[PDB]
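Undergrad:
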Amino acid sequence: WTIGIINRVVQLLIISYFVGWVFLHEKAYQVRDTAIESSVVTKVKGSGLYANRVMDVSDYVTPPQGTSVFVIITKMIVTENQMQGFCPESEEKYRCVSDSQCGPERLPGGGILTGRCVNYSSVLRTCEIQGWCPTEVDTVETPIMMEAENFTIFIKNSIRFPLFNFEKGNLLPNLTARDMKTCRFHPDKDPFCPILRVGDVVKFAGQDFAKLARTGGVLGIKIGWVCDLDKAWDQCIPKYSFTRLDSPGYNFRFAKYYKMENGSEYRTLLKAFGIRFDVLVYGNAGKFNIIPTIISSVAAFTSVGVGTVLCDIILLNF
Amino acid sequence: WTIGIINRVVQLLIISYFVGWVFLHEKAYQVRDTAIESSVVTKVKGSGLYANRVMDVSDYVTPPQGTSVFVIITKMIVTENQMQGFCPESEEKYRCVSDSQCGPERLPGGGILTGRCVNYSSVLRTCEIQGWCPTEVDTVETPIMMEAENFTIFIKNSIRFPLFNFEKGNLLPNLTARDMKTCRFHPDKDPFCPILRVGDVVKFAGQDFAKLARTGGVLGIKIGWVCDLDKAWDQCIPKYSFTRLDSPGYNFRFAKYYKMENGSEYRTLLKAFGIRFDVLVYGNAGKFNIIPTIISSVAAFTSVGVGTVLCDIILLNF
Amino acid sequence: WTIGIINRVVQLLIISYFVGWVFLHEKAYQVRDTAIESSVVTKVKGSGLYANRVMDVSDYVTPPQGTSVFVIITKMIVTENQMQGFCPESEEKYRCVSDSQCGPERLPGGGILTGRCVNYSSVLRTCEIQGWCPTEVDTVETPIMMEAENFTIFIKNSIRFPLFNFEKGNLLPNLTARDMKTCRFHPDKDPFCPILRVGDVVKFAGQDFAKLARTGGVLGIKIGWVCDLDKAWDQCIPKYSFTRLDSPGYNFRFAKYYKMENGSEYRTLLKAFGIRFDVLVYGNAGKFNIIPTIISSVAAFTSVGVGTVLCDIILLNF
Ligand SMILES: Nc1ncnc2c1ncn2[C@@H]1O[C@H](COP(=O)(O)OP(=O)(O)OP(=O)(O)O)[C@H]2OC3(O[C@H]21)C([N+](=O)[O-])=CC(=[N+]([O-])O)C=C3[N+](=O)[O-]
Ligand SMILES: Nc1ncnc2c1ncn2[C@@H]1O[C@H](COP(=O)(O)OP(=O)(O)OP(=O)(O)O)[C@H]2OC3(O[C@H]21)C([N+](=O)[O-])=CC(=[N+]([O-])O)C=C3[N+](=O)[O-]
Ligand SMILES: Nc1ncnc2c1ncn2[C@@H]1O[C@H](COP(=O)(O)OP(=O)(O)OP(=O)(O)O)[C@H]2OC3(O[C@H]21)C([N+](=O)[O-])=CC(=[N+]([O-])O)C=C3[N+](=O)[O-]
Ligand SMILES: *[C@@H]1O[C@H](CO)[C@@H](O)[C@H](O)[C@H]1NC(C)=O
Ligand SMILES: *[C@@H]1O[C@H](CO)[C@@H](O)[C@H](O)[C@H]1NC(C)=O
Ligand SMILES: *[C@@H]1O[C@H](CO)[C@@H](O)[C@H](O)[C@H]1NC(C)=O
Ligand SMILES: *[C@@H]1O[C@H](CO)[C@@H](O)[C@H](O)[C@H]1NC(C)=O
Ligand SMILES: *[C@@H]1O[C@H](CO)[C@@H](O)[C@H](O)[C@H]1NC(C)=O
Ligand SMILES: *[C@@H]1O[C@H](CO)[C@@H](O)[C@H](O)[C@H]1NC(C)=O
Ligand SMILES: *[C@@H]1O[C@H](CO)[C@@H](O)[C@H](O)[C@H]1NC(C)=O
Ligand SMILES: *[C@@H]1O[C@H](CO)[C@@H](O)[C@H](O)[C@H]1NC(C)=O
Ligand SMILES: *[C@@H]1O[C@H](CO)[C@@H](O)[C@H](O)[C@H]1NC(C)=O
Ligand SMILES: [Mg+2]
Ligand SMILES: [Mg+2]
Ligand SMILES: [Mg+2]
Ligand code: NA
Numbered sequence: 021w022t023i024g025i026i027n028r029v030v031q032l033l034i035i036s037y038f039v040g041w042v043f044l045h046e047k048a049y050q051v052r053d054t055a056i057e058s059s060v061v062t063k064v065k066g067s068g069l070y071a072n073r074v075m076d077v078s079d080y081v082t083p084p085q086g087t088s089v090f091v092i093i094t095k096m097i098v099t100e101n102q103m104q105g106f107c108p109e110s111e112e113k114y115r116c117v118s119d120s121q122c123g124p125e126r127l128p129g130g131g132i133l134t135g136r137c138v139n140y141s142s143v144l145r146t147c148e149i150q151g152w153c154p155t156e157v158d159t160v161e162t163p164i165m166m167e168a169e170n171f172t173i174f175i176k177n178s179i180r181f182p183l184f185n186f187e188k189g190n191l192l193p194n195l196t197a198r199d200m201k202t203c204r205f206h207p208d209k210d211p212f213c214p215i216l217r218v219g220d221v222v223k224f225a226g227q228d229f230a231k232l233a234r235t236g237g238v239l240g241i242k243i244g245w246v247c248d249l250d251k252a253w254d255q256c257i258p259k260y261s262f263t264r265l266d267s276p277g278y279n280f281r282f283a284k285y286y287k288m289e290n291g292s293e294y295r296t297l298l299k300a301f302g303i304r305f306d307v308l309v310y311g312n313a314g315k316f317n318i319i320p321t322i323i324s325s326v327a328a329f330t331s332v333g334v335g336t337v338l339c340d341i342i343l344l345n346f
Numbered sequence: 021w022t023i024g025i026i027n028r029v030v031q032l033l034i035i036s037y038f039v040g041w042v043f044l045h046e047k048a049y050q051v052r053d054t055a056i057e058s059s060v061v062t063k064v065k066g067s068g069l070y071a072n073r074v075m076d077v078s079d080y081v082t083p084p085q086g087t088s089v090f091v092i093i094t095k096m097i098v099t100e101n102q103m104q105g106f107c108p109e110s111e112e113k114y115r116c117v118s119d120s121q122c123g124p125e126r127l128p129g130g131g132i133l134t135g136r137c138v139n140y141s142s143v144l145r146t147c148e149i150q151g152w153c154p155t156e157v158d159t160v161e162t163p164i165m166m167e168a169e170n171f172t173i174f175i176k177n178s179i180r181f182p183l184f185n186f187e188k189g190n191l192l193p194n195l196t197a198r199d200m201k202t203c204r205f206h207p208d209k210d211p212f213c214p215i216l217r218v219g220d221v222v223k224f225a226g227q228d229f230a231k232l233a234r235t236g237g238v239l240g241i242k243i244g245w246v247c248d249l250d251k252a253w254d255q256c257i258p259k260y261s262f263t264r265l266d267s276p277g278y279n280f281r282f283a284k285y286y287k288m289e290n291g292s293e294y295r296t297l298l299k300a301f302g303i304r305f306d307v308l309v310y311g312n313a314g315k316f317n318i319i320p321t322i323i324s325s326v327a328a329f330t331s332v333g334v335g336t337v338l339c340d341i342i343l344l345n346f
Numbered sequence: 021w022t023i024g025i026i027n028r029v030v031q032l033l034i035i036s037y038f039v040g041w042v043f044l045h046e047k048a049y050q051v052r053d054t055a056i057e058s059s060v061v062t063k064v065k066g067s068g069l070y071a072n073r074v075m076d077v078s079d080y081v082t083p084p085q086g087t088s089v090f091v092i093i094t095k096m097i098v099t100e101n102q103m104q105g106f107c108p109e110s111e112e113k114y115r116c117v118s119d120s121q122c123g124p125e126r127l128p129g130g131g132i133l134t135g136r137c138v139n140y141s142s143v144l145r146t147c148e149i150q151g152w153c154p155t156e157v158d159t160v161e162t163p164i165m166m167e168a169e170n171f172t173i174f175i176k177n178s179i180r181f182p183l184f185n186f187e188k189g190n191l192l193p194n195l196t197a198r199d200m201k202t203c204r205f206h207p208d209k210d211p212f213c214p215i216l217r218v219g220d221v222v223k224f225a226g227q228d229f230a231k232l233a234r235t236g237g238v239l240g241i242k243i244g245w246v247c248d249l250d251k252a253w254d255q256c257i258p259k260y261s262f263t264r265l266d267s276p277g278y279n280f281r282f283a284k285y286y287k288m289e290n291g292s293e294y295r296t297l298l299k300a301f302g303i304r305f306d307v308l309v310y311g312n313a314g315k316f317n318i319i320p321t322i323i324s325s326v327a328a329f330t331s332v333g334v335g336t337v338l339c340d341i342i343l344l345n346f
């Protein structure tokens with residue numbers, strides 16, 4: 021009967037269309053390269069005021085070289101003119117009543133205990149220690165550099181998909197609305213401008229610059245390179261997203285080492301709180317390939333061939 | 021004959037069970053994301069004694085920012101108060117008999133030869149050089165900071181599988197037996213505590229803290245995120261492993285730059301030996317997908333369909 | 021007719037050979053690990069002359085620890101003995117006629133404007149600023165350290181394919197023609213020597229050491245680990261390539285902080301131009317697997333089964 025082939029032909033049309041659209045949607049004919057090879061060069065620009073000091077890129081940015089992870093220092097604690105010696109620790113956790121509770125068995129690790137219980141002040145009695153004196157008092161409150169919100173981060177990112185040897189950069193003057201020197205990334209108005217406003221990045225990550233600068237934190241500027249290398253070079257485009265990674277705070281210690289004319293050594297101990305920026309470059313490209321196209325083909329051919337049998341059994345049996 | 025279908029039905033039962041278990045074991049129905057996106061923040065805590073000095077996190081940890089690669093300095097060589105000028109190199113390799121063998125053709129690279137053969141000491145005669153004087157003597161023996169074995173490394177790791185947008189952290193209070201502030205990673209007792217004892221890490225890597233601190237080395241704290249994103253969020257868990265990567277030693281040079289009241293410059297040249305720690309975050313997730321499930325399906329369907337024919341030929345023919 | 025099976029047998033021979041060679045060529049029977057886990061330790065050696073100074077590894081290499089990204093400083097701009105205060109900016113862009121155009125609305129960001137229009141020199145009138153004085157003059161011309169071309173970069177790279185737990189290093193004495201201490205990488209003569217001549221690396225990237233050292237730049241030493249883990253351990257070999265990533277220049281600012289006997293602070297501000305080296309380790313391994321071998325098998329079986337039908341229709345119909 022002719023209807024049998026009109027039923028089978030309709031079966032093949034519909035089923036093959038479902039299968040066809042499904043496989044065509046997931047790019048099942050594409051080999052995928054998920055090992056992007058990225059290079060990131062960052063440059064921060066701006067100046068702020070902290071205490072009665074002016075902070076420039078050499079004062080608050082660390083490291084200086086412009087790596088994928090850098091820190092803009094917003095608040096810091098200074099302990100000036102430390103020198104090796106003996107002094108009573110100011111931390112209450114080191115409180116003692118006699119030299120019998122200042123032995124090595126107490127607080128394993130941490131500073132060096134001399135073994136004497138000494139009077140840091142009139143209100144506290146702590147174990148004496150050998151080290152940089154006086155000791156640090158990290159419980160005080162200090163200001164924060166507010167101008168850091170208005171600093172700009174310029175991110176140059178140069179990636180390459182090695183499986184296809186397709187390399188490209190994120191400096192795209194045609195895609196930017198304004199000049200490169202004066203543009204400013206906006207997810208909607210200028211999403212390809214490589215210049216980011218620090219405060220903007222803080223907003224895109226859903227963070228308050230006040231609290232963040234106060235406690236420090238870790239934000240991620242995410243550069244995504246989802247690309248179809250079957251399409252034009254113009255189609256491989258970076259997409260920027262932002263996130264807070266510590267989800276607290278972020279601080280680190282470093283000293284400025286000075287020496288006296290008589291040769292003795294003394295440092296300025298600095299506890300730095302700031303916003304660390306981690307440029308995280310993800311990317312995956314898909315290029316047409318014979319092998320995935322053949323495997324997907326056999327899959328769709330056989331799958332339709334079974335679906336028509338099952339549909340005949342489900343339809344005819346009913 | 022009915023037995024023919026009882027033979028075929030048994031064929032399908034057994035063969036389909038083998039195939040079924042095989043494909044089900046390898047998660048052939050899963051798409052895999054092998055491009056983990058990790059952020060690592062490390063913090064070292066402890067204090068040691070070297071010479072008649074006390075070393076704190078600001079003295080032996082470099083860099084200070086808490087990156088994925090950092091160095092705990094255990095031994096160092098100091099050459100204090102160097103100044104630009106001329107002096108005889110102390111390295112024997114520069115030995116000379118006359119100014120005729122101190123020309124640019126000799127030892128290309130390395131220091132700057134003035135062209136004069138001068139007497140470094142009474143027992144050695146070396147080419148004179150222009151540079152930081154006096155020259156370094158890197159053949160002496162120095163102590164090592166033993167307290168560095170008892171230092172603790174706290175590793176905060178925040179990763180994300182972008183193909184599935186599944187992000188998670190390694191701070192898991194429910195998985196840790198003890199408090200986060202006081203716990204200590206143990207592969208068996210507390211394998212999810214983010215606080216690692218330096219000496220412990222040295223043991224897990226099969227290394228002697230004595231020899232390692234003496235010669236320096238490169239160890240890797242490996243964080244693995246093998247996850248089945250078909251299962252619960254609770255099931256995606258990090259697994260820590262450890263390894264020595266240099267498999276010798278590790279050292280680097282840096283100077284402390286001082287200036288005189290009259291303006292002349294002089295530095296303290298420091299050759300640092302320590303234990304560099306590289307946090308290596310691997311991970312791959314598998315989530316159910318229609319495409320891999322269909323491809324594997326067709327594969328198992330056809331494979332059984334051929335195995336039954338071949339088994340009929342092998343069985344019936346015999 | 022026997023010819024029908026001689027036609028079919030020839031069909032299967034030819035078609036199956038095409039399919040067979042195609043699938044065998046792309047290693048369709050292999051699972052692939054594209055998430056290499058690499059560790060990179062770099063060491064630069066050499067000395068240069070800049071001004072009347074001698075630069076050693078402690079002077080021009082930054083950072084010192086030997087990471088995968090480092091910088092060899094070739095040219096720099098020094099602004100010595102800066103101190104917080106007020107002074108007229110030397111940048112023409114800050115030119116003013118009266119204090120009415122030195123308000124916060126002008127040049128948002130950048131230095132701190134006091135609000136006064138002052139005379140930097142007799143030929144220029146600029147807004148006065150609070151900060152490190154005097155201000156920097158980054159428009160002068162300075163020499164470049166030519167010896168940096170002859171420096172050597174030693175790259176120790178230790179990678180691991182985690183999916184197969186196959187770890188290996190790039191120090192291969194058997195593959196190197198000369199001794200490790202004296203060899204020198206040459207793409208043809210010694211392509212496995214880990215010691216690279218800076219000038220050589222500059223040539224392999226198609227760059228002029230003169231212009232590059234003058235303006236600075238970003239080069240990439242690419243280490244590729246394409247490996248067939250079905251073959252011998254000896255067959256997994258690294259291949260080095262080179263590229264310029266900025267495709276201008278590269279510079280960064282850092283200061284040397286000094287303190288006076290009376291306690292006031294003053295720094296030497298340094299703008300550094302150099303060649304940043306980024307070690308980019310790519311790699312992917314392929315190991316025989318049952319699942320990819322079965323999927324490819326079904327694909328080739330079915331594909332031949334359809335090609336023979338289509339070829340019968342194309343041949344017989346004609
Ligand atoms: N907020 C910002 N506003 C303006 N410029 C900013 C900003 N942040 C970073 N930059 C960098 O500043 C460089 C131009 O400097 P410019 O502001 O005109 O002059 P300055 O006198 O202030 O100092 P400079 O030229 O940086 O030494 C560009 O170099 C690069 O990135 C730009 C660059 N570029 O934009 O062309 C490409 C590049 N690579 O690698 O392709 C590297 C740069 N870099 O490292 O600065
Ligand atoms: N051996 C160690 N013992 C105790 N604390 C240690 C140790 N190593 C590192 N830390 C970090 O120390 C922080 C708590 O400091 P705590 O010891 O209580 O106070 P201190 O007065 O000694 O100095 P501090 O608070 O660090 O400035 C925590 O912050 C963090 O990691 C912890 C942390 N945390 O544990 O909650 C989360 C975090 N991120 O990003 O989520 C970053 C930290 N960090 O950078 O230190
Ligand atoms: N152009 C170069 N010529 C000669 N040696 C150079 C050069 N660049 C770097 N190096 C490193 O120099 C080390 C040997 O030093 P050597 O030149 O003999 O002695 P020096 O007195 O000059 O100073 P040093 O031993 O480095 O403190 C080796 O250590 C290592 O890499 C080698 C090394 N190695 O070559 O055996 C293995 C290693 N890891 O991790 O396996 C790390 C090294 N490293 O960090 O220097
Ligand atoms: C950032 O720039 C805006 C623009 O004029 C300014 O109003 C604001 O005060 C600046 N932020 C700080 C902290 O000075
Ligand atoms: C950028 O714009 C110019 C227009 O002058 C065009 O010729 C060029 O092809 C464009 N490049 C890309 C990558 O779009
Ligand atoms: C160097 O002088 C300072 C005070 O100027 C003093 O505290 C120190 O003890 C002196 N050096 C030595 C080794 O005594
Ligand atoms: C490390 O801690 C243990 C615990 O008391 C102590 O016995 C040992 O001396 C410490 N190590 C060093 C080098 O002091
Ligand atoms: C952690 O423990 C609490 C128990 O108070 C539980 O409610 C929570 O769901 C747990 N979270 C995870 C991720 O296991
Ligand atoms: C500065 O003084 C030191 C000794 O105090 C001396 O060696 C040096 O020559 C002086 N500076 C100059 C430029 O001579
Ligand atoms: C590099 O080495 C060669 C080899 O002798 C030498 O001729 C050349 O002058 C050196 N380069 C510089 C900048 O000195
Ligand atoms: C290196 O050479 C030696 C020859 O003495 C040989 O025994 C060894 O197997 C070789 N190793 C490799 C990895 O080729
Ligand atoms: C310290 O001395 C310098 C000159 O030697 C001077 O400029 C400065 O004002 C002095 N310190 C203070 C706080 O005045
Ligand atoms: Mg304290
Ligand atoms: Mg020497
Ligand atoms: Mg300027
Ligand atoms: Na298939």
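Just so you know, the sequences run in chain order A, B and C. Read in order, the letters of the first sequence correspond to residues 21 to 267, 276 to 346 in the UniProt record's numbering. Read in order, the letters of the second sequence correspond to residues 21 to 267, 276 to 346 in the UniProt record's numbering. Read in order, the letters of the third sequence correspond to residues 21 to 267, 276 to 346 in the UniProt record's numbering. In this text, a Cβ means the ideal position worked out from N, Cα and C, and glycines have one as well.
Taking beta-carbon pairs under 8 Å, can you tell me which members of the segment 50-62 of chain A lie near chain C?
TA: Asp53, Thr54, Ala55, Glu57, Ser59 and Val61
Undergrad: Taking the C-alpha atoms as reference points, what is the distance between C:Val332 and B:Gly24?
TA: On the third sequence, position 304 is the one that residue 332 of chain C refers to. On the second sequence, position 4 is the one that residue 24 of chain B refers to. For C:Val332 and B:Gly24, the distance between alpha carbons rounds to 29 Å.
Undergrad: Considering only residues of the same chain and omitting the five flanking positions on each side of B:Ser78, which have a CB-CB separation below 8 Å?
TA: Here residue 78 of chain B refers to the residue found at position 58 when the second sequence is read from its first residue. Within the same chain, B:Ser78 has close Cβ partners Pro84.
Undergrad: Using 8 Å as the Cβ pair cut-off and three pairs as the minimum, do the segment 55-62 of chain B and the segment 153-168 of chain B touch?
TA: no
Undergrad: Just the C-alpha distance for B:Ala233 and A:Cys256, rounded to the nearest angstrom, thanks.
TA: Taking the second sequence and counting its residues from 1, one reaches residue 233 of chain B at position 213. Taking the first sequence and counting its residues from 1, one reaches residue 256 of chain A at position 236. Between B:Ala233 and A:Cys256, the C-alpha separation is close to 48 Å.
Undergrad: Nearest to A:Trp152 by CA position, among A:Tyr140, A:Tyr294 and A:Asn139, is which residue?
TA: The residue you call residue 152 of chain A lines up with position 132 of the first sequence. Cα-wise, what sits closest to A:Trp152 is A:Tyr294.
Undergrad: At a cut-off of 8 Å, would you count A:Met96 as near ligand 2, judging by its Cβ distance to the nearest heavy atom?
TA: On the first sequence, residue 96 of chain A is found 76 positions in, with the first residue counted as 1. No.
Undergrad: Of all the CB atoms in chain C, is at least one closer than 9 Å to the CB of residue 404 of chain A?
TA: Any question about residue 404 of chain A goes unanswered here, given that chain A covers just 21 to 346.
Undergrad: Would you report the Cα separation of B:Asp158 and B:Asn279, rounded to the nearest angstrom?
TA: The count along the second sequence starts at 1 and reaches residue 158 of chain B at position 138. The count along the second sequence starts at 1 and reaches residue 279 of chain B at position 251. Straight-line Cα distance between these residues: approximately 11 Å.
Undergrad: What residues from the segment 63-74 of chain A come within 9 Å of chain C, judged by C-beta to C-beta, listed N to C?
TA: Only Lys63, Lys65, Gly66, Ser67, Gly68, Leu69, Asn72, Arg73 and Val74 from the segment 63-74 of chain A bring a Cβ to less than 9 Å from some Cβ of chain C.
Undergrad: Are the segment 128-143 of chain A and the segment 171-188 of chain A touching by the rule of at least three beta carbon pairs closer than 8 Å?
TA: no
Undergrad: For the pair the segment 22-42 of chain A and the segment 281-288 of chain A, tell me if three or more CB-CB distances fall below 8 Å.
TA: no
Undergrad: State yes or no: is the C-beta of A:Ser67 within less than 9 Å of the C-beta of A:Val60?
TA: As a working mapping, residue 67 of chain A is identified with position 47 in the first sequence. As a working mapping, residue 60 of chain A is identified with position 40 in the first sequence. No, they are not a contact pair.
Undergrad: Report buried or exposed for A:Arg304, applying the criterion of at least 16 other Cβ atoms within 10 angstroms of its Cβ.
TA: As a working mapping, residue 304 of chain A is identified with position 276 in the first sequence. So A:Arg304 counts as buried.
Undergrad: Listed in chain order, which residues are found with a beta carbon closer than 6 Å to a heavy atom of ligand 5?
TA: A:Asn194 and A:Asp254
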